[PDB]
Every structure is written in C-alpha cells, then in structure tokens.
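Here the structure is laid out as structure tokens; the discussion comes afterwards.
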Amino acid sequence: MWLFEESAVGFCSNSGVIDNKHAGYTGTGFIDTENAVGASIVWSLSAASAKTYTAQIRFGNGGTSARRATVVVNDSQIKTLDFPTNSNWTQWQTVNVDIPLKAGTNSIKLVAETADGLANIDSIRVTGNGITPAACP
Ligand SMILES: [Ca+2]
Ligand SMILES: [Ca+2]
C-alpha cells in the first residue's frame, strides 16, 4: 500500500493552498482548494500489475453542504463521491473508492463538481501490494 501526502513524492498539483489550520491531519497539512467548480488535486503512482485497487481518501468537511467530486483515473471518470459534511472540522472522515489501475504509471485526479470546491483533502491511501509513488508528468 502507499499513503500519499501533499508535498511528498507522488503528489503533483492542487488548486488552492496547502494548510494546517484544522488539527488532526497527517503529514504536513492538507489541501484547501478554492471554492470553484473543477478545483482539483492530482497524484501519480506506479502499480506492479493491472487490476482494481481500493483507495481511501481522508478529508475534512464541516461546511454547510456535501462537496461532491469526481475521481478520475488515467484521464477517465470513475465515480462521483459525495464528501458529506459532519459540521465538525475536528472529526476527519474517510471514503473508499475502487479504482482500475494499469501496470506502470497511473494518474489519479479528484475534481470538484460544485462551487464549494473540494473538501479539505488530508491524503489518499491506495491499498494492495506493489503500489509506489511515481514521478509527476
Ligand atoms: Ca476549500
Ligand atoms: Ca496530509
């Protein structure tokens, strides 16, 4: 498995800023995107073989609504996740999503579907053997 943090290898780009204002994150902080449709985060990973893997995204959302966003893998839309609010920025949340990966380098992007942008994204964890970070394109 590999746990991908902002500003660590495997992390490519993000809309908005990196921040640490709500305690409870892992690594240095989390991504706080601007409030815009299409706000995104991009990661790059390598997989030893082609199959479906479970990814888990850890996030904060204590805002007034869910912050729906689409998981894109290798330029293909895989699934839209809700990212619900719990009105509690001290309680980080997790959501699991299955993603098809190819052998070799893969891209994963998360893209905001609404004007509230993304939830604050702490990390993405991809489970399974043979997963490592990859260089950014
Ligand atoms: Ca934000
Ligand atoms: Ca983090």
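Labels used: A, B, ... for chains in the order of the structure tokens, numbers from 1 for residues in each chain, and numbers from 1 for ligands as shown.
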Please produce, as a Markdown table, a per-residue contact table for chain A versus ligand 1 (criterion: any atom at most 8 Å away, only C-alpha atoms and all ligand atoms considered), showing the nearest atom pair and its distance in Å to one decimal, sorted by chain then residue number.
```
| residue | atom | partner | partner_atom_place_in_ligand_line | distance |
| --- | --- | --- | --- | --- |
| A:16 | CA | ligand 1 | 1 (Ca) | 7.2 |
| A:31 | CA | ligand 1 | 1 (Ca) | 7.6 |
| A:32 | CA | ligand 1 | 1 (Ca) | 4.1 |
| A:33 | CA | ligand 1 | 1 (Ca) | 4.0 |
| A:34 | CA | ligand 1 | 1 (Ca) | 5.0 |
| A:35 | CA | ligand 1 | 1 (Ca) | 5.7 |
| A:116 | CA | ligand 1 | 1 (Ca) | 7.1 |
| A:117 | CA | ligand 1 | 1 (Ca) | 6.0 |
| A:118 | CA | ligand 1 | 1 (Ca) | 6.0 |
| A:119 | CA | ligand 1 | 1 (Ca) | 6.2 |
| A:120 | CA | ligand 1 | 1 (Ca) | 5.9 |
```
Can you write just those residues out, C-alpha atoms, as a PDB file, in the first residue's frame?
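The result, written out as again11.pdb:
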```pdb
ATOM      1  CA  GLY A  16      -5.931  26.432  -3.808  1.00  0.00           C
ATOM      2  CA  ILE A  31      -5.215  20.656   0.593  1.00  0.00           C
ATOM      3  CA  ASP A  32      -7.689  23.544   0.913  1.00  0.00           C
ATOM      4  CA  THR A  33      -8.931  24.283  -2.584  1.00  0.00           C
ATOM      5  CA  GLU A  34     -10.529  27.474  -3.740  1.00  0.00           C
ATOM      6  CA  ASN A  35     -14.316  27.418  -3.889  1.00  0.00           C
ATOM      7  CA  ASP A 116     -17.826  24.746  -2.846  1.00  0.00           C
ATOM      8  CA  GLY A 117     -14.686  23.120  -4.321  1.00  0.00           C
ATOM      9  CA  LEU A 118     -13.209  20.041  -2.673  1.00  0.00           C
ATOM     10  CA  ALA A 119     -13.434  19.021   0.963  1.00  0.00           C
ATOM     11  CA  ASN A 120     -10.088  19.579   2.687  1.00  0.00           C
TER      12      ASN A 120
END
```
Quick check for you: according to DSSP on this backbone, which residues of region 29-131 of chain A are classed as strand (DSSP E or B)? Reply as an MDAnalysis selection string. chainID A and resid 30:32 40:47 51:60 69:73 76:81 93:101 104:112 120:126 131
Residues within 12 Å of ligand 2 should be enumerated using only C-alpha atoms and all ligand atoms and returned as number ranges by chain. A: 3-8, 11, 18-32, 57-60, 92, 120-125
Quick one: write out the picked residues with N, CA, C and O atoms as a short mmCIF file (atom, residue, chain, number, x, y, z; two decimals), in the first residue's frame?
```
data_model
loop_
_atom_site.label_atom_id
_atom_site.label_comp_id
_atom_site.auth_asym_id
_atom_site.auth_seq_id
_atom_site.Cartn_x
_atom_site.Cartn_y
_atom_site.Cartn_z
N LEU A 3 0.57 5.52 1.19
CA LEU A 3 -0.19 6.66 1.67
C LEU A 3 0.41 7.91 1.09
O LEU A 3 1.59 8.23 1.34
N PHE A 4 -0.40 8.64 0.31
CA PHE A 4 0.07 9.82 -0.44
C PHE A 4 -0.32 11.12 0.30
O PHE A 4 -1.49 11.38 0.49
N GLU A 5 0.69 11.89 0.69
CA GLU A 5 0.53 13.16 1.39
C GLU A 5 0.87 14.30 0.44
O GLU A 5 1.71 14.17 -0.48
N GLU A 6 0.28 15.46 0.70
CA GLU A 6 0.70 16.65 -0.02
C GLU A 6 2.19 16.94 0.20
O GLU A 6 2.76 16.63 1.26
N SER A 7 2.81 17.50 -0.84
CA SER A 7 4.23 17.87 -0.82
C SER A 7 5.18 16.67 -0.64
O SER A 7 6.34 16.83 -0.26
N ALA A 8 4.68 15.46 -0.86
CA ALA A 8 5.55 14.29 -0.79
C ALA A 8 5.58 13.74 -2.22
O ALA A 8 4.71 14.08 -3.02
N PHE A 11 2.73 13.32 -5.21
CA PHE A 11 1.77 14.45 -5.22
C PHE A 11 2.16 15.43 -6.31
O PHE A 11 3.28 15.92 -6.31
N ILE A 18 -2.05 24.76 0.44
CA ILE A 18 -1.84 23.73 1.43
C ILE A 18 -1.98 24.47 2.77
O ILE A 18 -1.52 25.62 2.91
N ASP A 19 -2.60 23.81 3.74
CA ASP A 19 -2.83 24.48 5.03
C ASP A 19 -2.80 23.47 6.16
O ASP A 19 -2.74 22.27 5.93
N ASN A 20 -2.81 23.96 7.40
CA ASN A 20 -2.75 23.07 8.53
C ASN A 20 -3.69 23.58 9.65
O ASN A 20 -3.55 23.14 10.82
N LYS A 21 -4.64 24.43 9.27
CA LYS A 21 -5.39 25.19 10.30
C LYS A 21 -6.31 24.32 11.16
O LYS A 21 -6.48 24.59 12.36
N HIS A 22 -6.87 23.25 10.59
CA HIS A 22 -7.62 22.30 11.41
C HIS A 22 -6.73 21.14 11.84
O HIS A 22 -6.24 20.39 10.99
N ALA A 23 -6.53 20.97 13.14
CA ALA A 23 -5.71 19.87 13.65
C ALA A 23 -6.25 18.49 13.30
O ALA A 23 -7.46 18.34 13.03
N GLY A 24 -5.37 17.50 13.27
CA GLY A 24 -5.83 16.13 13.05
C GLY A 24 -5.42 15.54 11.71
O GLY A 24 -5.65 14.35 11.46
N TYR A 25 -4.82 16.37 10.86
CA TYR A 25 -4.28 15.90 9.58
C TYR A 25 -3.06 14.98 9.80
O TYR A 25 -2.50 14.88 10.91
N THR A 26 -2.65 14.30 8.74
CA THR A 26 -1.40 13.56 8.74
C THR A 26 -0.42 14.27 7.80
O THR A 26 -0.80 15.16 7.04
N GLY A 27 0.86 13.92 7.86
CA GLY A 27 1.83 14.68 7.09
C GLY A 27 1.89 16.12 7.58
O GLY A 27 1.69 16.38 8.78
N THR A 28 2.14 17.04 6.66
CA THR A 28 2.34 18.46 7.00
C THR A 28 1.03 19.26 7.08
O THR A 28 1.01 20.40 7.56
N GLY A 29 -0.06 18.69 6.56
CA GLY A 29 -1.25 19.52 6.42
C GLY A 29 -2.22 18.87 5.48
O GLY A 29 -2.30 17.66 5.43
N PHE A 30 -2.95 19.68 4.73
CA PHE A 30 -3.96 19.13 3.83
C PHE A 30 -4.16 20.15 2.73
O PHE A 30 -3.66 21.29 2.83
N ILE A 31 -4.88 19.74 1.69
CA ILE A 31 -5.22 20.66 0.59
C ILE A 31 -6.52 21.41 0.88
O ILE A 31 -7.52 20.81 1.20
N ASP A 32 -6.48 22.73 0.76
CA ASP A 32 -7.69 23.54 0.91
C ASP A 32 -7.89 24.24 -0.42
O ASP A 32 -7.19 25.20 -0.76
N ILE A 57 -9.77 8.01 0.70
CA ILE A 57 -9.46 9.44 0.79
C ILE A 57 -9.87 9.93 2.15
O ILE A 57 -10.99 9.69 2.58
N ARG A 58 -8.93 10.57 2.86
CA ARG A 58 -9.26 11.10 4.19
C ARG A 58 -9.45 12.61 4.04
O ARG A 58 -8.67 13.29 3.39
N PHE A 59 -10.53 13.13 4.61
CA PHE A 59 -10.93 14.50 4.30
C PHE A 59 -11.63 15.16 5.46
O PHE A 59 -12.16 14.47 6.38
N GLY A 60 -11.65 16.49 5.40
CA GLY A 60 -12.40 17.28 6.37
C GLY A 60 -13.47 18.05 5.65
O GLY A 60 -13.25 18.67 4.59
N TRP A 92 -12.19 14.10 11.22
CA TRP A 92 -11.86 13.83 9.84
C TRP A 92 -12.68 12.61 9.40
O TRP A 92 -13.11 11.80 10.24
N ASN A 120 -11.52 19.47 2.41
CA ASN A 120 -10.09 19.58 2.69
C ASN A 120 -9.53 18.17 2.60
O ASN A 120 -9.97 17.30 3.33
N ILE A 121 -8.55 17.96 1.74
CA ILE A 121 -8.08 16.57 1.48
C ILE A 121 -6.75 16.32 2.20
O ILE A 121 -5.74 16.97 1.90
N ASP A 122 -6.79 15.42 3.18
CA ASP A 122 -5.61 15.12 4.01
C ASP A 122 -4.64 14.20 3.24
O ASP A 122 -3.43 14.40 3.24
N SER A 123 -5.20 13.18 2.62
CA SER A 123 -4.35 12.17 1.98
C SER A 123 -5.21 11.25 1.14
O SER A 123 -6.44 11.20 1.28
N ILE A 124 -4.55 10.50 0.27
CA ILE A 124 -5.18 9.36 -0.36
C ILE A 124 -4.28 8.13 -0.11
O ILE A 124 -3.07 8.23 -0.19
N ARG A 125 -4.93 7.02 0.26
CA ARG A 125 -4.23 5.77 0.57
C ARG A 125 -4.68 4.74 -0.46
O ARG A 125 -5.88 4.48 -0.58
#
```
Test item: residues at most 12 Å from residue 113 (chain A), only C-alpha atoms, excluding those fewer than 4 positions along its chain, as a PyMOL selection string: chain A and resi 35-40+66-71+79-83+117-119
Go ahead and write the residues just picked, C-alpha atoms, as a PDB file, in the first residue's frame.
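File result_30.pdb, as written:
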```pdb
ATOM      1  CA  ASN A  35     -14.316  27.418  -3.889  1.00  0.00           C
ATOM      2  CA  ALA A  36     -14.756  26.680  -7.584  1.00  0.00           C
ATOM      3  CA  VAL A  37     -16.159  24.041  -9.911  1.00  0.00           C
ATOM      4  CA  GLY A  38     -13.303  21.981 -11.272  1.00  0.00           C
ATOM      5  CA  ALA A  39     -10.910  22.632  -8.356  1.00  0.00           C
ATOM      6  CA  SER A  40      -8.569  19.612  -8.441  1.00  0.00           C
ATOM      7  CA  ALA A  66     -21.539  17.987   0.797  1.00  0.00           C
ATOM      8  CA  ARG A  67     -18.694  18.757  -1.620  1.00  0.00           C
ATOM      9  CA  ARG A  68     -19.261  16.310  -4.431  1.00  0.00           C
ATOM     10  CA  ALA A  69     -16.188  15.490  -6.528  1.00  0.00           C
ATOM     11  CA  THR A  70     -15.272  13.025  -9.258  1.00  0.00           C
ATOM     12  CA  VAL A  71     -12.413  10.540  -9.076  1.00  0.00           C
ATOM     13  CA  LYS A  79     -17.030   7.673  -9.790  1.00  0.00           C
ATOM     14  CA  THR A  80     -18.527  10.726  -8.089  1.00  0.00           C
ATOM     15  CA  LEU A  81     -18.179  10.756  -4.326  1.00  0.00           C
ATOM     16  CA  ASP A  82     -20.367  12.837  -2.006  1.00  0.00           C
ATOM     17  CA  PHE A  83     -17.894  14.084   0.684  1.00  0.00           C
ATOM     18  CA  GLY A 117     -14.686  23.120  -4.321  1.00  0.00           C
ATOM     19  CA  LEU A 118     -13.209  20.041  -2.673  1.00  0.00           C
ATOM     20  CA  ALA A 119     -13.434  19.021   0.963  1.00  0.00           C
TER      21      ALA A 119
END
```
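The nearest approach to residue 53 (chain A) among the residues A:135, A:110, A:99, A:130, with only C-alpha atoms taken into account, belongs to A:99.
For the residues A:77, A:2, A:93, A:62, ranking by smallest atom-to-atom distance to residue 127 (chain A) using only C-alpha atoms places A:2 first.
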Compile the contact shell of residue 55 (chain A) as a short mmCIF file (atom, residue, chain, number, x, y, z; two decimals) with N, CA and C atoms, in the first residue's frame: residues with an atom at most 6 Å away, counting only C-alpha atoms, same-chain residues fewer than 6 positions apart removed.
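Output file part34.cif follows:
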```
data_model
loop_
_atom_site.label_atom_id
_atom_site.label_comp_id
_atom_site.auth_asym_id
_atom_site.auth_seq_id
_atom_site.Cartn_x
_atom_site.Cartn_y
_atom_site.Cartn_z
N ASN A 96 -14.07 5.33 0.78
CA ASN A 96 -13.36 4.35 -0.04
C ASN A 96 -13.87 4.39 -1.47
N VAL A 97 -12.98 4.15 -2.43
CA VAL A 97 -13.40 4.08 -3.82
C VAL A 97 -12.51 3.06 -4.53
N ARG A 125 -4.93 7.02 0.26
CA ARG A 125 -4.23 5.77 0.57
C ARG A 125 -4.68 4.74 -0.46
N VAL A 126 -3.74 4.16 -1.19
CA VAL A 126 -4.10 3.10 -2.14
C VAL A 126 -3.62 1.75 -1.56
#
```
Which residue is closest to residue 115 (chain A)? Choose from A:65, A:17, A:95, A:101 and count only C-alpha atoms.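 Smallest distance to residue 115 (chain A) is found for A:65.
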Measure the distance from CA of residue 15 (chain A) to CA of residue 114 (chain A) in Å and round it to one decimal.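 Between CA of residue 15 (chain A) and CA of residue 114 (chain A) the gap works out to 13.9 Å.
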Would you mind listing what lies within 7 Å of residue 86 (chain A) as a list in words, with only C-alpha atoms counted and same-chain residues fewer than 2 positions away left out?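 Residues meeting the cut-off are residues 61, 62, 84 and 88 of chain A.
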Of A:134, A:112, A:73, A:103, the one sitting nearest residue 49 (chain A) when using only C-alpha atoms is A:103
